[PDB]
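Below you'll find only one chain, the form deposited in one PDB entry, shown as structure tokens.
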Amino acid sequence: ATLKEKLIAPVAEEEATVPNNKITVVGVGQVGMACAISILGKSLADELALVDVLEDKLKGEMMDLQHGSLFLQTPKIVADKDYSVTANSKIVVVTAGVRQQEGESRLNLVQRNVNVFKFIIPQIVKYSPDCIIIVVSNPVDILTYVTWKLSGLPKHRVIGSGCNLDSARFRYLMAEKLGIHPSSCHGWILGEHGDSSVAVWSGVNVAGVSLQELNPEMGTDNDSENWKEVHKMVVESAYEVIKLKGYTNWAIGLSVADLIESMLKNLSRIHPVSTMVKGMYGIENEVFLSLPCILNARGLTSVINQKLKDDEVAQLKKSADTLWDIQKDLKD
């Protein structure tokens, strides 16, 4: 007479549920699943929705996650090619589209991914008009600009995963040189998540001790041992990892979960993520690139005004120019 009927007696009317913290991940490839597992691992969603054009793959992924439910704290995991499954998401993570082939610039993916975005972004906003969108697909800064224009969402609700990842890499490498935890090394990689990123040497410090003060040659061509190479390693890292295993995913998955945690827990932590920087540091157009931003439940609510050195501002502007040159010709 129905398992449930007999065993479970209702105290409240049957009625409507509605996820408080529903997250959607679009794209169930390497990056998508890594974000998904990291999100689940930290119990950040009470509902996880997945979307992809590959129906079988999408279903298999859902089922595999569902089978590990005993070990998780996410009561509902759903998956469909139709965006109606993403309704009422607080956060949508977009990792859908093509990735770099070996040695390929992220900037070379632009047209293919813009085509993808033009089609899926409107479906996303239709079903969650008040969500926050975390853009991850490459090139991430330009795609965040693209998402902003297509979605019609406010700036503080369209965020590029950006240099949160580059900065974690930088902090890891710095840590390795000093023999301490990356959380105790402070340093910011800003600008494009790509070849034109900028190391803010003037802010690199341990326990408040400015490394640039200790080594005024930090970041130059005349440095003993030997910073610039550290920034070069950050720049090259995706290519080196792609050459070895075909793609990257674990670090970006962790990076994404870290941003989500700040926002779903309303913490107001600072992260270098991609936002609209017109009017900052002499940038004249609607360029998106990473700066230290404050993240909480409203999304990206603030940017940190820094006192960048002239060479730092110069490299930032150069990064802004590289990006704007591509953005400026994007067609609608």
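Position 1 is the first residue in the sequence shown; the rest follow in order. Just so we're on the same page, rigid core means the largest C-alpha set that superposes within 1.5 Å between forms.
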Mean C-alpha B factor from the entry: is it higher for 278-286 or for 28-36?
278-286
Mean CA B-factor: is it higher for 217-225 or for 189-197?
217-225
Quiz for you: based on the deposited Cα B-factor, which of 240, 102, 258, 130 is highest?
130
Using only the C-alpha B-factors in the record, can you name which of 50, 70, 264, 300 has the highest?
300
Chain-wide C-alpha B factor ranking for residue 166, given as lowest, middle or highest third:
lowest
Quick check on the deposited entry: does the C-alpha B-factor of residue 271 sit in the lowest, middle or highest third of its chain?
lowest
Should residue 305 be placed in the lowest, middle or highest third of its chain by the C-alpha B factor in the entry?
highest
Using the temperature factors of the C-alpha atoms in this entry, rank residue 106 within its chain: lowest, middle or highest third.
lowest
Rank-wise, by C-alpha B-factor, drop residue 176 into the lowest, middle or highest third of its chain.
highest
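The form deposited in another entry exists for this protein as well; it is not shown, and the discussion that follows is about that form.
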Looking at 258, 217, 104, 80, which has a Cα shift of 2 angstroms or more between the shown form and the other one when the rigid core is held fixed?
104
Large Cα shift (2 Å or above) at residue 322 between the shown form and the other one, core-fitted:
yes
